[PDB]
2 protein chains.
Amino acid sequence: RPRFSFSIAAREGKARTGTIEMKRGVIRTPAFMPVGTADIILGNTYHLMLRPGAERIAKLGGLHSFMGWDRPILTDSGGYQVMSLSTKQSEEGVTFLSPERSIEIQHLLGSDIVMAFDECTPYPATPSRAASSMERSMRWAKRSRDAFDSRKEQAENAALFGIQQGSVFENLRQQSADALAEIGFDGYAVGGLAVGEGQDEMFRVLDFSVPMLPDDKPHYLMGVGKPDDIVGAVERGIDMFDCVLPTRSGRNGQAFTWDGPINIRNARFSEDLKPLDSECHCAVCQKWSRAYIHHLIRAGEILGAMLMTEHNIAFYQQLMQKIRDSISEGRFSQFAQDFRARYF
Amino acid sequence: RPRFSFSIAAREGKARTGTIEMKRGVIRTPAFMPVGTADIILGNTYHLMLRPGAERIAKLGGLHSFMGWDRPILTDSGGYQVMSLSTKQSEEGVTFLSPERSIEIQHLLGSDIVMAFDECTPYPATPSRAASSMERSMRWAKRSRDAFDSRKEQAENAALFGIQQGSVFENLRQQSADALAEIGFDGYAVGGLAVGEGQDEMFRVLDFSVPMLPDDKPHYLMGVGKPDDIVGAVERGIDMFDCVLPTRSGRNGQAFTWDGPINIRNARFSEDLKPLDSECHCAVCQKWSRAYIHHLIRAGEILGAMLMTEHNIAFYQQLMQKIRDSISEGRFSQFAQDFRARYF
Ligand SMILES: Nc1nc2c(CCNCC3CCCCC3)c3[nH]c(NCCc4ccccc4)nc3cc2c(=O)[nH]1
Ligand SMILES: Nc1nc2c(CCNCC3CCCCC3)c3[nH]c(NCCc4ccccc4)nc3cc2c(=O)[nH]1
Ligand SMILES: [Zn+2]
Ligand SMILES: [Zn+2]
């Protein structure tokens, strides 16, 4: 396969479905990208750079070998997580990480899809602040680009995505898209959302923001989201998603179903013999009832949380497959409406 | 198959290997019986009788259906766990559970191998106290027997095991064996060990205690134990084991290997690319290194503990298979010696 190729096989309104081809494999879009601790998984740049360290992961053969995953891997650039989990900023980078070091770390980890090093602007932000932040991220984008291109193994085998900022402002989203397109990336992420703004506002921003990106490249919405977030985002032309929700939910007793999320610890499930979800083809739903998973989690059994997690991961992939088929078949708008009618 | 049949296919010194046949399946001996939350798994009588309650498990179709396990299930009688996790005693039973109620609960859960309701005498115990306790357990054994026989579905489809007490005293172990044999059970457990006495003392007690049980019935050593405990116990004529160690170890960072247990969190494993154990055929060892499992557990990832747990469960079953084959082949005493040389 090539280093990177994106082909759109079908469209419905703003929604698209197709494929990304890379040397380690094909990614069907729209795609959900789960954390690896699916066609592609997410590595944890921030964590790995601290434990065991990027150099050590390299010494150990790279993330593919480390995690026993030979398919594509995406890494974020780390600053999001530094700012929210670690901080002193400068034009150079963040002390607590610069574009160049971020790209180097992602190279050492060996990821296939590399994210430029950006600043996820805080919400809410004034126009001036949003602009200043966005402008810095675009200088950091060019630095990221240059750093990525300077490493031949990286430039020839991986792909680099640019990240749009601009907060909730249309003119800044536009300038950002402009700067990113001028530099040129393999793909474009919509950053700076899922920062506290709420779904209506996120959708409003996506309505004008996603058409500003190159149509012939994938669009990645970072950190999004609930099942209903994803459907609405795909309606607005997003192709790729990542979110910790399915795995965090699963650790905390929450399961996603076609009828909405459920809290399995609640006593109403203690004698419920139906599977987690009635339609779900996942292994968990093939074998065990809500009553047993309830039992395990209430008892503090690690098995219960693992079963919940597997189910949620599978639910998310089933959702994306249903989105892909419906777009392909020209019935995505009906699916969306049917989905929401039942989910809510 | 029949309700219950035990056949010994080969012997080596005191050690035996063979099979238990029951309606839900065959159990190869010597057998390790893991907790189900293998040819047979253990249900958790004490927990289940409290949550969701035995009657409710019955309403839900019995433990086989609840846990999605159609093979034999063993249940303990609950008093061990009441005394150590819950208490007022009487000849009637324990307030915090009597022989009759214990047997009823085990019936409601639908287990295939039912344990009589006994008292695991505390360690250390004086001869007088050990005797008084043992004598009560033997009256409770007869009550258990009668209760089990009174329920036709139980008496025709399940099996009942008697439990020897007597602490560390030979004469009391003998009287206990005598009373149990007089009542008559499908199998005989050696109770009242793994109570703080240490391996040398446990082996010393097994040396005289196991030959006192009927040779033509299975011998179950309750709550035992580490890999080296099991090998020594099989040397002394034990056929069945249960122990929380593999699952608790796995939750706490400890893995069993042919070279002894290891604490995977230790920094020495952070760059160790060997699997958990080099010989282990388990799925975990087929795919992931010590370095990654180290990483997961240090990060608090539930996946790491699940992988450790699966490995330990598999290690234990590999141990039992190696014990069975060597006894069958007449080389168990060499295996034992080779095992200990490397394990320690
Ligand atoms: N460069 C960059 N990253 C962002 C991220 C991280 C995406 N997930 C990375 C992934 C790497 C592996 C470890 C896990 C994270 C975001 N996450 C969110 N929302 C989360 C909101 C949320 C939703 C559910 C639960 C918690 C938080 N907004 C984000 C905006 C940006 C952004 O502008 N730039
Ligand atoms: N009737 C009865 N039960 C006993 C038990 C419970 C066996 N495991 C049940 C199983 C049911 C499902 C939940 C888990 C337990 C014992 N466990 C131990 N040693 C444990 C010593 C130990 C070893 C490693 C870790 C913790 C404790 N000695 C025991 C003696 C007796 C006894 O005389 N009578
Ligand atoms: Zn499922
Ligand atoms: Zn293994």
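Residues numbered from 1 in each chain as written, not as in the entry; some residues may be left out. Chains lettered and ligands numbered in written order. Heavy atoms only, no water. Residues with missing side-chain atoms left out of burial classes, pairs and counts.

The deposited coordinates for this entry were obtained by X-ray crystallography, with a reported resolution of 1.75 Å.

Caption draft 1: Up close: the UniProt feature "binding site: Zn(2+)" in chain A. All names here are of chain A. Residues annotated in UniProt with the feature "binding site: Zn(2+)" correspond here to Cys280, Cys282, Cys285 and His311. With the annotated positions falling across 32 residues, the maximum pairwise C-alpha distance of 8.3 Å places them together in a single cluster. If we ignore the near neighbours within four places in the chain, the residues touching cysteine 280 are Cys285, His311 and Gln318. One can find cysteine 282 in the loop between β15 (262–263) and α12 (283–287). Ignoring sequence-local partners within four residues, the contact set of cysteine 282 consists of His311, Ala314 and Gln318. (UniProt positions renumbered as here; feature names shortened; annotations may be inferred. Contact = heavy atoms within 4.5 Å. Helix = DSSP H or I, 4+ residues; strand = E, 2+ residues; numbered from the N terminus.)

Caption draft 2: How the structure looks around the sheet that holds strand β4 (residues 31–32) of chain B. Residue and element names in this part refer to chain B. Spatial ordering of the open sheet is given by β4-β13-β12-β11-β10-β9-β6-β5, a layout of eight strands whose pairing is parallel. Edge positions in the open sheet fall to β4 and β5 (41–43), since each of these has one partner strand only. Relative to strand β13 (residues 240–241), strand β12 (residues 219–221) runs parallel, the two being bridged by two bridges. Paired with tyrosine 220 across the strands is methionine 240, a residue of β13. In the packing of helix α6 (residues 127–150) onto the sheet, contacts are made with β9 (113–115) and β10 (159–164), and the angle to β10 comes to roughly 180°. Where helix α8 (residues 170–183) meets the sheet, it contacts β10 and β11 (187–190), and its direction lies at approximately 160° from that of β10. (Pairing = 2+ DSSP bridges. Axes fitted to C-alpha atoms, helices over the stretch in contact; angles between N-to-C directions.)

Caption draft 3: Seen up close, the relation of the copies chain A and chain B. The two copies are related by a screw operation: chain A maps onto chain B through 180° of rotation and 0.0 Å of translation along the axis, at an RMSD of 0.0 Å. Taken together, the rotation angle and the small translation identify this as a two-fold axis. In terms of C-alpha distance to the rotation axis, chain A has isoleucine 302 of chain A as its closest residue, with the C-alpha 3.5 Å off the axis. (Least-squares fit on C-alpha atoms.)

Caption draft 4: Spotlight on the interface of chain A and chain B. Counting from both sides, the interface comprises 25 residues of chain A and, opposite them, 25 residues of chain B. Listed by contribution, the elements that provide at least two residues to the side of chain A that touches chain B are α1 (45–50), α2 (54–59), α3 (63–67), α13 (290–298) and α14 (302–329) of chain A. Of all the elements, α13 of chain A adds the most residues to the side of chain A that touches chain B, at four residues.

Caption draft 5: Examining unusual backbone geometry more closely. In this model, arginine 51 of chain A is joined to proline 52 of chain A through a cis peptide bond whose omega is 10°. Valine 224 of chain B connects to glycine 225 of chain B through a cis peptide bond whose omega is 0°. By the secondary structure assignment, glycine 225 of chain B is in the loop between β12 and α10 (227–235). A positive phi angle, close to 50°, is found at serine 167 of chain B, a residue other than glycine. With respect to the helices and strands, the residue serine 167 of chain B is situated in the loop between β10 and α8.

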